[PDB]
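Only one chain is shown below, in structure tokens, and it's the form deposited in one PDB entry.
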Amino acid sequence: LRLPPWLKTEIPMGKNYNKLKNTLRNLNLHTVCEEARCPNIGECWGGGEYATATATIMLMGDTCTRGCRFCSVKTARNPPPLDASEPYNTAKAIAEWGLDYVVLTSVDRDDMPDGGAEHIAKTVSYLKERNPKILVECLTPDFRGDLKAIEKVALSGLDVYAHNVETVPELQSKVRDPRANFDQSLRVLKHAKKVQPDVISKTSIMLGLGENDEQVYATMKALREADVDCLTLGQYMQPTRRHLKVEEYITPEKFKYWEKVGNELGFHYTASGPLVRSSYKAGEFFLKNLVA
């Protein structure tokens, strides 16, 4: 039981924030920020000085078919069916908020035959046909290794394909649902490079789940062997008392250390920090390292 000082946040202020909160409920859309109970809700939904207010619309309802021990998203054996109007409503809300870069994610839908690859592809297609110059990033589930489902999402005009390994291979069984493993997540990023050679790969790992420095170095080196372009490192924070406890709060100095090691291995940009999540300032990192 430890409580750190550098992981403290603020109660969400509602200057430019209720516009996003009321838009998500007008279209009956969900977001991973509210379900996962992220502390960076105020920073991402409301730019302090000059930060475009962005969000992470979570598709296919607020209930996941999997039960990951680090995630607080609701889990049910059979979630409600797909909403056909979700891909169309998402494209309207994103263009309404004036975003030049958007990130989209969804819960795992193991009950769907394609796992929702067609539903995600229609959300990106409706969003790119409406605004061709907008940048889209998809935080895609593993689809249980369905190479056809991964191909359908990667060929939807996607700019950055994102799928997280979450933690080191030695902690896949304790942290993630058994339907997801380390080698499976790498085959999601590898196949996205084969089907779409000009795509940008991106993944996110979490620290504080019992991993050591030796295990983290081998994971990043294996990701570079998978030709993964981008990497994200962040401190795992306990969502609820029912979930996993934090094992070790990584110091901000060591968080900066892995940023240099990522630059050594050749990662196009390594975003590391205690509060750094997968989509945390993802558009700001795109403008600083992925142009030229």
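Shifts are known only where both forms have a C-alpha. Definition used throughout: the rigid core is the maximal C-alpha set that superposes within 1.5 Å between two forms. So that there is no doubt, residue numbering starts at 1 and follows the sequence shown.
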item: Residue 284 unmodelled in at least a third of other compared entries; value: no
item: Cross-entry absence of residue 14, a third or more of other PDB entries; value: yes
item: 109 to 117 versus 93 to 101 - which carries the larger mean C-alpha B factor in the record; value: 93 to 101
item: Per the entry, higher mean C-alpha B factor between 125 to 133 and 156 to 164; value: 125 to 133
item: Largest Cα B-factor, entry values, listed residues 230, 38, 68, 64; value: 38
item: Chain third (lowest, middle, highest) by recorded CA B-factor, residue given as residue 174; value: lowest
item: Relative C-alpha B-factor of residue 249, binned into the chain's lowest, middle or highest third; value: middle
item: Assigned third (lowest, middle, highest) for the C-alpha B factor of residue 262; value: middle
item: Relative C-alpha B-factor of residue 236, binned into the chain's lowest, middle or highest third; value: lowest
item: Residue 12 - which third its CA temperature factor falls in, relative to the rest of the chain; value: highest
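Just so it is clear, the following notes concern the form deposited in another entry, a form of the same protein that is not shown.
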item	value
Listed options 254, 224, 69, 37; Cα moving by 2 angstroms or more between this form and the one not shown (core superposition)	37
Large Cα move at residue 20 between this form and the one not shown, threshold 2 Å, rigid core	yes
Threshold 2 Å Cα movement between this form and the one not shown for residue 263, core superposed	no
Residue shift check between this form and the one not shown, rigid core fit, residue 54 Cα at least 2 Å	yes
Distance trend in the other form - C-alpha atoms of residue 73 and residue 22, change of 3 Å or more	farther
Closer or farther in the other form: C-alpha pair residue 283, residue 54 (3 angstroms or more)	closer
Sequence-ordered runs, three or more residues, C-alpha shift 2 Å or more between this form and the one not shown, rigid core	15 to 55
